[PDB]
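Engineer:
Numbering (the deposited numbering), first residue to last: 88 to 205.
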């Protein structure tokens with residue numbers, strides 16, 4: 088969508104997504120079960136960048152990435168860059184991710200969806 092629009096993914100207000108850069112007009116959303124490739128950048132609320140993965144490849148919907156990413160990627164077009172704001176429950180939760188992500192950290196995820204293939 089247009090950048091000022093925020094999507095409430097789950098309907099509880101806790102996982103929200105906006106488009107930063109739209110996919111080209113004819114592009115479409117990926118399907119769960121497809122192998123997707125994304126550029127992921129993860130930051131904390133204070134702006135500290137804690138993850139960057141320029142070529143994160145995974146099967147969408149297989150729970151092989153944090154919920155915040157598995158639940159938001161299906162709502163992006165291939166070629167889109169989105170920003171996702173996610174409550175800690177959808178991220179690394181109580182455990183965190185040593186050493187850079189503490190317990191109960193909300194994350195901001197900038198995600199570019201590059202490819203989605205069967």
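Using N, Cα and C, we set each Cβ at its ideal position, and we do this for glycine too.
Which partner residues does residue 116 have in the DSSP bridge list?
Structural biologist: Beta-bridge pairing links residue 116 to no other residue.
Engineer: Using the C-alpha atoms, what's the distance from residue 163 back to residue 134?
Structural biologist: Taking the straight line joining both Cα atoms gives about 23 Å.
Engineer: Alpha carbon to alpha carbon, how far is residue 103 from residue 175?
Structural biologist: For residue 103 and residue 175, the distance between alpha carbons rounds to 13 Å.
Engineer: Of all the options 197, 200, 179, 199, which has the alpha carbon lying nearest to the alpha carbon of residue 191?
Structural biologist: Among 197, 200, 179, 199, the Cα nearest to that of residue 191 is on 179.
Engineer: Tell me which same chain residues have a C-beta within less than 7 Å of the C-beta of residue 120, skipping the five on either side of it?
Structural biologist: The answer, listed in chain order, is 146, 147, 148.
Engineer: Between residue 161 and the rest of its own chain, which residues show a CB-CB distance below 7 Å, the 5 nearest in sequence each way excluded?
Structural biologist: If we look at residue 161 and ignore the five residues flanking it on each side, its Cβ neighbours are 116, 117, 119, 147.
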